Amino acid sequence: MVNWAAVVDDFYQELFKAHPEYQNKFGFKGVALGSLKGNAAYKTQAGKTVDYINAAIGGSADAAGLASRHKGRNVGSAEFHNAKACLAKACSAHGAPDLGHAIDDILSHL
């Protein structure tokens, strides 16, 4: 099975390396990037992201709901376009299918 947990870890590394300030919105604010894997708040968040990916592939993802929750944290289209790029890099690094269509689905509600 595609190692989505590893893809997601690389995704967050790319995302926070390019936009360190995005990390301030999470429960692992301030934590060194090389230590995220040892952080409980991060472990939970990464698990939810992996779940969302498996839901998008499986056909049950609620893109509208995910978009609305992100708007609820003041996260919008710009951030998601940046995330789309970071996730494409993470997928490519693992020879995983690209998730651009799934991100476009979320973007369609932002």
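So that there is no doubt, residue numbering starts at 1 and follows the sequence shown.
- Here 77 to 85 and 37 to 45 are compared by their mean Cα B-factor, and 77 to 85 comes out higher.
- Judged by mean Cα B factor in the deposited record, 24 to 32 ranks above the other of 24 to 32 and 48 to 56.
- Among all modelled residues in this chain, the alpha-carbon of residue 103 has a temperature factor (C-alpha) in the highest third.
- The entry lists a Cα temperature factor for residue 15 that places it in the lowest third of the chain's modelled residues.
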